[PDB]
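Contents: one structure, followed by commentary.
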Amino acid sequence: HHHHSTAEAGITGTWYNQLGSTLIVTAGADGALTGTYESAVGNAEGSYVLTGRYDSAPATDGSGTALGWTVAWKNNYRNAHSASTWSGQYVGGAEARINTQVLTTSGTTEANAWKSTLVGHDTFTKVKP
Ligand SMILES: O=C(O)CCCC[C@@H]1SC[C@@H]2NC(=O)N[C@@H]21
Ligand code: NI
């Protein structure tokens with residue numbers, strides 16, 4: 001099913017997901033995403049560093065803008081020994097969204113690697129749900 005036939009201004013700022021988490025991101029001119037993430041759930045307290053990338057020249061045919069970012073869940077307060085990656089697309093307009101699927105991998109022994117990774121889906125909006 002996979003194949004092949006500003007974003008910057010739209011992405012930069014604060015976003016909120018359906019769990020009550022807060023994303024604070026700056027999109028750089030050459031594809032960088034940098035900022036912080038605060039999770040409303042899980043083994044998390046305060047803000048965590050986030051870094052990622054986005055397509056800085058997306059298609060102009062009504063398609064979304066591909067992007068992704070990572071948070072390692074270690075900061076000055078807690079270390080969950082886990083990291084999450086969100087993969088998705090930014091959809092602009094009056095009801096802008098970042099629609100993502102997210103993998104959360106915990107450090108495990110080899111015996112437990114089969115249960116290392118969660119998959120979920122987060123939808124981000126510019127106003128709090
Ligand atoms: O408990 C952990 O291992 C660290 C916190 C994980 C929180 C996850 S990341 C995917 C989902 N979306 C969120 O905003 N919070 C949870
Ligand atoms: Ni956890």
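Following the order of the structure tokens, first chain is A, next is B, and so on, with residues numbered from 1 inside each chain and ligands from 1 in the order they appear.
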Contacts of ligand 1, 8 Å or closer, only C-alpha atoms and all ligand atoms, given as a VMD selection string: chain A and resid 17 to 22 37 to 44 73 80 to 86 102 to 106 120 to 122
Please identify the strand (DSSP E or B) residues within segment 11-127 of chain A (assignment by DSSP from backbone atoms) and present them as a short mmCIF file (atom, residue, chain, number, x, y, z; two decimals) with N, CA, C and O atoms, in the first residue's frame.
data_model
loop_
_atom_site.label_atom_id
_atom_site.label_comp_id
_atom_site.auth_asym_id
_atom_site.auth_seq_id
_atom_site.Cartn_x
_atom_site.Cartn_y
_atom_site.Cartn_z
N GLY A 13 4.95 25.34 17.70
CA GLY A 13 4.09 25.77 18.79
C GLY A 13 3.69 24.65 19.72
O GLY A 13 4.33 23.60 19.75
N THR A 14 2.61 24.87 20.45
CA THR A 14 2.12 23.97 21.48
C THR A 14 0.97 23.15 20.92
O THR A 14 0.11 23.66 20.22
N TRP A 15 0.99 21.85 21.23
CA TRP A 15 -0.07 20.93 20.82
C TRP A 15 -0.47 20.06 22.00
O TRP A 15 0.32 19.83 22.91
N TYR A 16 -1.70 19.56 21.95
CA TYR A 16 -2.27 18.79 23.06
C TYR A 16 -2.87 17.50 22.51
O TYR A 16 -3.55 17.54 21.48
N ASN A 17 -2.61 16.36 23.15
CA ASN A 17 -3.25 15.13 22.67
C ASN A 17 -4.47 14.75 23.49
O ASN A 17 -4.88 15.46 24.42
N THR A 22 1.11 17.43 26.62
CA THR A 22 1.48 18.68 25.96
C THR A 22 2.80 18.55 25.23
O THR A 22 3.82 18.16 25.81
N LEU A 23 2.73 18.89 23.94
CA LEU A 23 3.88 18.89 23.02
C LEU A 23 4.25 20.34 22.77
O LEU A 23 3.39 21.17 22.44
N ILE A 24 5.53 20.68 22.94
CA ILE A 24 6.01 22.02 22.63
C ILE A 24 7.14 21.85 21.62
O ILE A 24 8.17 21.28 21.95
N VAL A 25 6.92 22.28 20.38
CA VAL A 25 7.86 21.97 19.30
C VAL A 25 8.20 23.17 18.42
O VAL A 25 7.34 24.02 18.14
N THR A 26 9.46 23.25 18.01
CA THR A 26 9.91 24.22 17.02
C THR A 26 10.33 23.44 15.80
O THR A 26 11.13 22.51 15.90
N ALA A 27 9.76 23.80 14.65
CA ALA A 27 10.14 23.25 13.35
C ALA A 27 11.15 24.19 12.69
O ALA A 27 10.86 25.37 12.50
N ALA A 32 14.35 20.11 11.02
CA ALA A 32 14.48 19.72 12.42
C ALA A 32 13.21 19.95 13.24
O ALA A 32 12.48 20.92 13.01
N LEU A 33 12.94 19.04 14.17
CA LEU A 33 11.96 19.28 15.23
C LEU A 33 12.69 19.25 16.56
O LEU A 33 13.46 18.32 16.82
N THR A 34 12.48 20.27 17.37
CA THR A 34 13.11 20.36 18.69
C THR A 34 12.13 20.92 19.69
O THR A 34 11.37 21.85 19.38
N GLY A 35 12.14 20.39 20.90
CA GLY A 35 11.25 20.91 21.92
C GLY A 35 11.16 20.05 23.15
O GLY A 35 12.14 19.40 23.55
N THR A 36 9.99 20.05 23.76
CA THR A 36 9.77 19.29 24.98
C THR A 36 8.41 18.62 24.96
O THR A 36 7.52 19.01 24.20
N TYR A 37 8.26 17.60 25.80
CA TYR A 37 7.03 16.85 25.90
C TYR A 37 6.72 16.63 27.37
O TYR A 37 7.62 16.32 28.17
N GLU A 38 5.45 16.78 27.71
CA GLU A 38 4.97 16.52 29.08
C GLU A 38 3.83 15.52 28.96
O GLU A 38 2.82 15.81 28.33
N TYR A 48 10.27 16.56 29.16
CA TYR A 48 11.33 15.73 28.61
C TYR A 48 11.75 16.30 27.26
O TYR A 48 10.93 16.86 26.53
N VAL A 49 13.02 16.13 26.94
CA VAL A 49 13.55 16.59 25.66
C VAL A 49 12.94 15.78 24.52
O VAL A 49 12.82 14.55 24.60
N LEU A 50 12.55 16.49 23.46
CA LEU A 50 12.15 15.81 22.25
C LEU A 50 12.92 16.32 21.06
O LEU A 50 13.32 17.48 20.97
N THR A 51 13.20 15.39 20.15
CA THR A 51 13.84 15.73 18.89
C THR A 51 13.24 14.89 17.77
O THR A 51 12.84 13.76 18.01
N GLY A 52 13.16 15.45 16.57
CA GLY A 52 12.63 14.69 15.43
C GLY A 52 12.90 15.39 14.13
O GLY A 52 13.76 16.27 14.04
N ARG A 53 12.14 15.00 13.11
CA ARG A 53 12.33 15.53 11.76
C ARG A 53 10.97 15.63 11.09
O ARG A 53 10.06 14.85 11.41
N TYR A 54 10.86 16.54 10.13
CA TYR A 54 9.64 16.65 9.32
C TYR A 54 10.03 16.95 7.89
O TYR A 54 11.14 17.44 7.65
N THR A 65 1.76 16.41 5.95
CA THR A 65 3.20 16.57 6.02
C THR A 65 3.76 15.51 6.96
O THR A 65 3.46 15.52 8.15
N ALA A 66 4.57 14.60 6.42
CA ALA A 66 5.14 13.53 7.24
C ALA A 66 6.13 14.06 8.27
O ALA A 66 6.90 14.99 7.98
N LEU A 67 6.11 13.45 9.45
CA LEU A 67 7.02 13.84 10.53
C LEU A 67 7.16 12.72 11.54
O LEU A 67 6.39 11.75 11.53
N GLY A 68 8.13 12.87 12.44
CA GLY A 68 8.27 11.95 13.57
C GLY A 68 9.13 12.59 14.63
O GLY A 68 9.90 13.52 14.34
N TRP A 69 8.99 12.12 15.86
CA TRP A 69 9.89 12.56 16.93
C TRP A 69 10.03 11.49 18.00
O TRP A 69 9.24 10.55 18.06
N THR A 70 11.05 11.67 18.82
CA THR A 70 11.36 10.75 19.91
C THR A 70 11.47 11.49 21.24
O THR A 70 11.98 12.62 21.29
N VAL A 71 10.99 10.83 22.29
CA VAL A 71 11.25 11.23 23.67
C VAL A 71 11.85 10.01 24.39
O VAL A 71 11.27 8.93 24.37
N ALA A 72 13.03 10.17 25.01
CA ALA A 72 13.53 9.20 25.98
C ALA A 72 13.06 9.67 27.35
O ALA A 72 13.25 10.83 27.71
N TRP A 73 12.44 8.76 28.10
CA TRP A 73 11.73 9.14 29.33
C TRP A 73 12.64 9.23 30.55
O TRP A 73 12.38 8.66 31.62
N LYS A 74 13.73 9.97 30.36
CA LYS A 74 14.66 10.31 31.43
C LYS A 74 14.76 11.84 31.52
O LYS A 74 15.00 12.51 30.50
N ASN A 79 13.35 8.35 35.66
CA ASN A 79 13.84 7.60 34.53
C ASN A 79 13.05 6.31 34.41
O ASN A 79 13.22 5.38 35.20
N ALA A 80 12.16 6.28 33.42
CA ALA A 80 11.30 5.14 33.17
C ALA A 80 11.99 4.03 32.37
O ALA A 80 11.40 2.96 32.15
N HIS A 81 13.24 4.26 31.95
CA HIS A 81 13.97 3.30 31.10
C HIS A 81 13.13 2.89 29.89
O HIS A 81 12.90 1.70 29.61
N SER A 82 12.66 3.90 29.17
CA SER A 82 11.79 3.71 28.02
C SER A 82 11.94 4.90 27.09
O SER A 82 12.45 5.95 27.49
N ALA A 83 11.51 4.72 25.85
CA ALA A 83 11.57 5.78 24.85
C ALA A 83 10.39 5.57 23.93
O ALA A 83 10.04 4.44 23.61
N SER A 84 9.80 6.67 23.50
CA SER A 84 8.65 6.62 22.58
C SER A 84 8.96 7.37 21.30
O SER A 84 9.62 8.42 21.32
N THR A 85 8.48 6.82 20.19
CA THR A 85 8.59 7.49 18.90
C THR A 85 7.21 7.64 18.30
O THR A 85 6.46 6.66 18.19
N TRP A 86 6.88 8.87 17.93
CA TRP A 86 5.62 9.19 17.26
C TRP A 86 5.89 9.38 15.78
O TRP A 86 6.77 10.15 15.42
N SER A 87 5.14 8.67 14.94
CA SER A 87 5.25 8.77 13.49
C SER A 87 3.90 9.18 12.95
O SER A 87 2.89 8.59 13.29
N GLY A 88 3.86 10.19 12.09
CA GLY A 88 2.56 10.66 11.65
C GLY A 88 2.61 11.74 10.61
O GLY A 88 3.60 11.90 9.91
N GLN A 89 1.52 12.47 10.51
CA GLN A 89 1.47 13.58 9.58
C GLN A 89 0.73 14.77 10.17
O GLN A 89 -0.23 14.61 10.94
N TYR A 90 1.22 15.94 9.80
CA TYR A 90 0.59 17.20 10.12
C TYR A 90 -0.40 17.55 9.03
O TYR A 90 -0.08 17.46 7.84
N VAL A 91 -1.60 17.95 9.45
CA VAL A 91 -2.68 18.35 8.57
C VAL A 91 -3.04 19.77 8.97
O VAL A 91 -3.45 20.02 10.10
N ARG A 97 -4.25 19.32 12.76
CA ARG A 97 -3.99 18.13 13.57
C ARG A 97 -2.59 17.63 13.32
O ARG A 97 -2.06 17.82 12.24
N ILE A 98 -2.01 16.97 14.32
CA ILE A 98 -0.92 16.04 14.04
C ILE A 98 -1.45 14.65 14.41
O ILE A 98 -1.76 14.38 15.58
N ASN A 99 -1.60 13.79 13.40
CA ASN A 99 -2.18 12.47 13.61
C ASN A 99 -1.05 11.47 13.63
O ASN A 99 -0.32 11.37 12.64
N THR A 100 -0.89 10.77 14.75
CA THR A 100 0.28 9.91 14.94
C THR A 100 -0.07 8.49 15.39
O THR A 100 -1.14 8.23 15.97
N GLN A 101 0.88 7.59 15.13
CA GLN A 101 0.95 6.32 15.83
C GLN A 101 2.26 6.30 16.59
O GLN A 101 3.23 6.94 16.17
N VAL A 102 2.28 5.65 17.75
CA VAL A 102 3.40 5.83 18.68
C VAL A 102 3.84 4.49 19.23
O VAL A 102 3.00 3.70 19.66
N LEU A 103 5.15 4.24 19.17
CA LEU A 103 5.75 3.03 19.73
C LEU A 103 6.51 3.41 20.99
O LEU A 103 7.35 4.31 20.94
N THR A 104 6.25 2.72 22.09
CA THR A 104 6.93 2.98 23.37
C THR A 104 7.69 1.73 23.75
O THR A 104 7.08 0.71 24.09
N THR A 105 9.02 1.78 23.64
CA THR A 105 9.85 0.62 23.96
C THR A 105 10.47 0.80 25.34
O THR A 105 11.10 1.83 25.62
N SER A 106 10.32 -0.22 26.18
CA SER A 106 10.98 -0.28 27.48
C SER A 106 12.22 -1.15 27.38
O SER A 106 12.21 -2.14 26.66
N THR A 117 7.46 -3.53 23.75
CA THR A 117 7.01 -2.38 22.95
C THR A 117 5.50 -2.25 22.87
O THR A 117 4.82 -3.18 22.42
N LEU A 118 4.99 -1.10 23.32
CA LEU A 118 3.58 -0.72 23.12
C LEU A 118 3.40 -0.05 21.78
O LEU A 118 4.30 0.65 21.29
N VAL A 119 2.22 -0.24 21.19
CA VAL A 119 1.77 0.61 20.09
C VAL A 119 0.46 1.29 20.48
O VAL A 119 -0.42 0.66 21.06
N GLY A 120 0.39 2.58 20.20
CA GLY A 120 -0.82 3.36 20.42
C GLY A 120 -0.97 4.42 19.34
O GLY A 120 -0.22 4.43 18.37
N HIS A 121 -1.96 5.29 19.50
CA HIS A 121 -2.20 6.35 18.52
C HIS A 121 -2.60 7.60 19.27
O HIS A 121 -3.50 7.56 20.12
N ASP A 122 -1.91 8.70 18.95
CA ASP A 122 -2.16 10.00 19.56
C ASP A 122 -2.54 11.01 18.49
O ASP A 122 -1.88 11.11 17.45
N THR A 123 -3.60 11.76 18.77
CA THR A 123 -4.03 12.86 17.91
C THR A 123 -3.81 14.17 18.65
O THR A 123 -4.30 14.34 19.77
N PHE A 124 -3.06 15.07 18.03
CA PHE A 124 -2.73 16.36 18.61
C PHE A 124 -3.51 17.47 17.96
O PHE A 124 -3.67 17.51 16.73
N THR A 125 -3.98 18.40 18.79
CA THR A 125 -4.73 19.57 18.34
C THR A 125 -4.10 20.81 18.95
O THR A 125 -3.36 20.72 19.94
#
Do you have the atom CA of residue 55 of chain A-atom CA of residue 93 of chain A distance handy? 17.3 Å
Report the residues of segment 5-66 of chain A whose backbone DSSP state falls under helix (DSSP H, G or I), written as a list in words. residues 7, 8, 9, 10 and 11 of chain A
Can you write out the residues you just picked, keeping N, CA and C atoms, as a short mmCIF file (atom, residue, chain, number, x, y, z; two decimals), in the first residue's frame?
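Written output follows (out14.cif):
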data_model
loop_
_atom_site.label_atom_id
_atom_site.label_comp_id
_atom_site.auth_asym_id
_atom_site.auth_seq_id
_atom_site.Cartn_x
_atom_site.Cartn_y
_atom_site.Cartn_z
N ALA A 7 4.77 24.37 6.06
CA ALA A 7 4.77 23.29 7.05
C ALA A 7 5.43 23.78 8.33
N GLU A 8 6.55 24.48 8.19
CA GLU A 8 7.30 24.99 9.34
C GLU A 8 6.44 25.85 10.26
N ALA A 9 5.79 26.85 9.67
CA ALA A 9 4.94 27.77 10.42
C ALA A 9 3.75 27.06 11.08
N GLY A 10 3.20 26.07 10.38
CA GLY A 10 2.05 25.34 10.89
C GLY A 10 2.36 24.44 12.06
N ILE A 11 3.55 23.85 12.05
CA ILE A 11 3.93 22.90 13.08
C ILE A 11 4.41 23.55 14.37
#
A straight line from atom CA of residue 61 of chain A to atom CA of residue 3 of chain A spans 15.4 Å
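We find atom CA of residue 94 of chain A and atom CA of residue 1 of chain A to be spaced 29.2 Å apart.
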